[PDB]
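What follows is a set of notes on a single structure, which appears directly below.
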Amino acid sequence: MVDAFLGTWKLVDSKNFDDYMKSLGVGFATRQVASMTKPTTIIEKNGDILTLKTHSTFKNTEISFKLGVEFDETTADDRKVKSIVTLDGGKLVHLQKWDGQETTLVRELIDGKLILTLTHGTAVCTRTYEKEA
Ligand SMILES: CCCCCCCC(=O)O
C-alpha cells in the first residue's frame with residue numbers, strides 16, 4: 001500500500017519553496033542556502049514502520065512512524081510538531097500541527113516521479129523527485 005513510494009529519490013524541480021519557507025518564518029540566509037540544495041529522500045519500511053530520511057549538504061532529518069499513529073517530530077527548521085502520516089487517495093499525506101498551526105506535506109506518484117506538495121498558510125510549493133536506481 002506504500003510500496004511504490006519506497007526507495008531513494010533525488011530533487012529535480014522545485015516551485016515556490018521560498019514562499020513556503022518564508023511562511024514558516026525561516027530566515028533569509030537559511031532560505032538562500034535551501035534554495036540551492038537538492039536533497040535526497042530515502043523512504044524505507046520494516047513491517048509497519050516507515051523511516052523517511054532527508055539528506056543534503058545543508059541539513060539532514062530522519063523520522064520513523066507507523067501510518068495512522070501520531071508521533072512527535074522536530075522539523076528541519078526546528079519546529080516541535082505533532083505529526084501523522086496516512087495514505088489518502090493513494091497519496092502519502094503528512095500533517096504537522098503546532099501552536100494551532102498546520103502544514104501538510106503530500107506525496108504522490110505521477111509518470112514515476114514523486115511529487116511533494118507543501119502547503120502552509122496560502123503558500124503552496126511543489127517539489128519533484130526522481131528515483132535513484
Ligand atoms: C525546512 C522546511 C521544512 C521541510 C522541507 C521539506 C522539503 C523536502 O523534503 O524537499
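The first residue of the sequence shown is numbered 1, and numbering continues consecutively from there. In what follows, every heavy atom counts, from backbone to side chain, and hydrogens, waters and symmetry copies are set aside.
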Practice item. Determine yes or no for a side-chain-to-main-chain donor-acceptor pair under 3.5 angstrom, with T86 supplying the side chain and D88 the backbone. Key: no
Review point. How many angstroms lie between OG1 in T75 and NZ in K59, if you round to the nearest 0.5 Å?
Key: 10.0 Å
Practice item. Begin from the C-alpha positions of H120 and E102 and carry the test side chain to side chain donor-acceptor pair (under 3.5 Å) through to its verdict. Key: CA-CA 7 Å; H120 176 254; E102 302 192 344; over 6 Å; no
Review point. Would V12 and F58 show up in the same hydrophobic cluster when neighbours are defined by side-chain heavy atoms closer than 4.5 Å?
Key: no
Check your understanding: Any donor and acceptor pair, going by atom type alone, linking the side chain of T37 with main-chain N or O of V33 inside 3.5 Å?
Key -> yes
Revision key, fill the gap. Residues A34 and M21: closest non-hydrogen pair is CB-SD, 3.6 Å
Study note, to complete from the structure: Taken to the nearest 0.5 Å, the spacing of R31 CZ from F28 CZ works out to 8.5 Å
Review point. How many angstroms lie between CD1 in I42 and OG1 in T54, if you round to the nearest 0.5 Å?
Key: 8.5 Å
Exercise for review: Step by step, work out the side-chain contact (heavy atoms from CB on, under 4.5 Å) result for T41 and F5.
Suggested key: CA-CA 10 Å; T41 302; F5 292 98; over 6 Å; no
Just list the side-chain donor-acceptor pairs under 3.5 Å for residues 61-74, sequence neighbours left out, or say none.
from	atom 1	to	atom 2	distance (Å)
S64	OG	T51	OG1	2.8
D72	OD1	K82	NZ	2.8
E73	OE1	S83	OG	2.6
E73	OE1	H94	NE2	2.9
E73	OE1	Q96	NE2	3.0
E73	OE2	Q96	NE2	3.1

**Study point:** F17 six-ring centre to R127 NZ/CZ under 6.0 Å and within 45° of normal
**Key:** yes
**Study point:** Within one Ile-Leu-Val-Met-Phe-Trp-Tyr cluster: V93 and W98, side-chain cutoff 4.5 Å
**Key:** no
Review point. Among the clusters formed by ILVMFWY side chains lying less than 4.5 Å apart, do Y129 and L109 turn up in the same one?
Key: yes
Review point. For residues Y20 and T103, is any side-chain donor paired with an opposing acceptor at under 3.5 Å?
Key: yes
Practice item. Would you indicate whether the side-chain heavy atoms of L50 and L6 approach each other to under 4.5 Å? Key: yes
Exercise for review: Find the distance between OG1 (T117) and NZ (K15) and round it off to the nearest 0.5 Å.
Suggested key: 10.5 Å
Check your understanding: Does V85 belong to the same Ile/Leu/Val/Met/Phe/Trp/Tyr cluster as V81, with side-chain heavy atoms less than 4.5 Å apart forming each link?
Key -> yes
Review point. Do the side chains of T30 and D77 get nearer than 4.5 Å, heavy atoms only?
Key: no
Check your understanding: Under 3.5 Å, is there a donor-acceptor pair between the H55 and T40 side chains?
Key -> no
Exercise for review: Nearest 0.5 Å please: distance from the CG atom of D18 over to the CD atom of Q32.
Suggested key: 9.5 Å
**Study point:** Exercise: do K113 and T128 side chains pair donor with acceptor under 3.5 Å
**Key:** no
Practice item. Examine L52 and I49 and state if one hydrophobic cluster contains both, with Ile, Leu, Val, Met, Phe, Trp and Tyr joined whenever side-chain heavy atoms are less than 4.5 Å apart. Key: no
Exercise for review: Find out whether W9 and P39 are in side-chain contact, i.e. whether some heavy atom of one side chain is under 4.5 Å from a heavy atom of the other.
Suggested key: no
Exercise for review: Measure the spacing between CG of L92 and CG of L105 and express it to the nearest 0.5 Å.
Suggested key: 10.0 Å
Exercise for review: I would like to know whether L116 and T126 meet side-chain contact (heavy atoms from CB on, under 4.5 Å); could you show each step before the answer?
Suggested key: CA-CA 6 Å; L116 170 63; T126 308; over 6 Å; no
**Study point:** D3/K45 salt bridge by N-O under 4.0 Å criterion
**Key:** yes
